[PDB]
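Presented below, as structure tokens, is a lone chain in the form deposited in one PDB entry.
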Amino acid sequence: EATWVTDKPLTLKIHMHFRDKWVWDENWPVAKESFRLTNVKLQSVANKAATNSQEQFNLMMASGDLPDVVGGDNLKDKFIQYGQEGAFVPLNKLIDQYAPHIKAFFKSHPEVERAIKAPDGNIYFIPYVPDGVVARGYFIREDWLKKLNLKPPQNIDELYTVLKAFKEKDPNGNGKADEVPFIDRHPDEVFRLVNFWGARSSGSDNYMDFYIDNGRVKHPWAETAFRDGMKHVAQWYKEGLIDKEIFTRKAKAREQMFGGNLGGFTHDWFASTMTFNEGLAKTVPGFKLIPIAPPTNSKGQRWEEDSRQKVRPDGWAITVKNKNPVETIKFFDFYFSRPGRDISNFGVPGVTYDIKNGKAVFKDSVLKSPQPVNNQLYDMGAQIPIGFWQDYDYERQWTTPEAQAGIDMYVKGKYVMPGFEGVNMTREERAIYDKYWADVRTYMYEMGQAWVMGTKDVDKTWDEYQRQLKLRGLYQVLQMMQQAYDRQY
């Protein structure tokens, strides 16, 4: 083909483990199409049965028989760290000489290129570049509001009242107290509930991210506002307003809790969450989620903390052991070209989409399925966190008119907080970040889970928490980031 990057079929070994559940699959329809178009085939050497993607990365890197390519989600920091240590090769020259689509992309998106570079100036991975503006929003069961003769909640006091009514007043009508007012497929969203009491939970679409407040680098989970917000979240969990299994239900929470007519309220992405309106029309009579503006928080503001990232901390890299770096960067380049963006965004021609008027258009069966289109695509190897350039037109096609009115409402309302994009640390500053931040984050999450589940009291353990943050190096990390901030700005 005209899109081939090599004349002889080339097989590369990839270690890709993502979202704690999935691996590259050469027998994916999209992987087969990838091979057809590029003449490069990726063979997985990852453990399909393993259940923690970050631990699989760590194991593989420690094991001495490195693959040719490493890919996955939440690997930016490790791509940079181990790139500098020489396990991943710098891509700057390879891109300049052999990857015209990536080169053009970075030229038009210099902020993205700057955001993925290591302190030594090297590019150690090609990223997942999202396309879009908003990410999550709030959704509530309008049919339950109607049955209970309640209005959509305008503020946090009204939200509490409405969730309490969902809990206590049997809106699914079975005479059982089985309603679970707040559910979420991302456990981390339980902490984002602190927004309703004027506390940040994150500076970005990455959970538990740093943020900038009045020229100061802060971590949201270290602030007293977070302490006070978490007291409210713990009380909601105690009262059963939050899914008891919020920390373990995970990916199919909507299918289980909306499909089972148990859930009343969530914070999740506009396109896929609103698909459940048509998806459940048959099996759950009357089901209707509506987007609502964030209920006014305790400080008088409507917050949407989440936003679409300019670039995600995901993608793939070329290892030092890869004997075909030129073919590999050309293969990478395919996913920033139109033919490669088609399959990585839309799937396989004649299976999920067709070219019509020169553009990829999803088939009717795809657009009508109760399964959200991005889930359909995951199952065949598209919309996966390789290095690729996402195309928002894929998403437009299954964004319902009602979902779009929600998006436009959030844009017009200016609810969406601008995200933290990072600071430009030196090698020595980032080394402190590398030393401490993962340990701190793990400690934070464990404490937060205990607070939510009520096994630790927030007020009674806050001093210990702060002592721990200090001896685990959080404030050293903040110091380093503040230094980088002060130079930058």
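All residue numbers are counted from 1 along the displayed sequence.
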property: Mean C-alpha temperature factor, higher of 266-274 and 222-230; result: 222-230
property: Mean C-alpha temperature factor, higher of 393-401 and 175-183; result: 175-183
property: Among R192, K93, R302, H109 - the residue whose C-alpha B-factor is largest in the record; result: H109
property: Out of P313, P285, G72, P291, residue topping the C-alpha B-factor column of the entry; result: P285
property: Third of chain Cα B-factors occupied by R430; result: middle
property: Chain third (lowest, middle, highest) by recorded CA B-factor, residue given as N206; result: lowest
property: Assigned third (lowest, middle, highest) for the C-alpha B factor of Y160; result: middle
property: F334 - which third its CA temperature factor falls in, relative to the rest of the chain; result: middle
property: Chain-relative CA temperature factor third for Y124; result: lowest
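What follows is about the form deposited in another entry, which we do not show.
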{"property": "Rigid-part match between the shown form and the other one, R141 vs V30", "result": "no"}
{"property": "CA-CA separation of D120 and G215, closer or farther in the other entry than in the form shown [shift of 3 angstroms or more]", "result": "closer"}
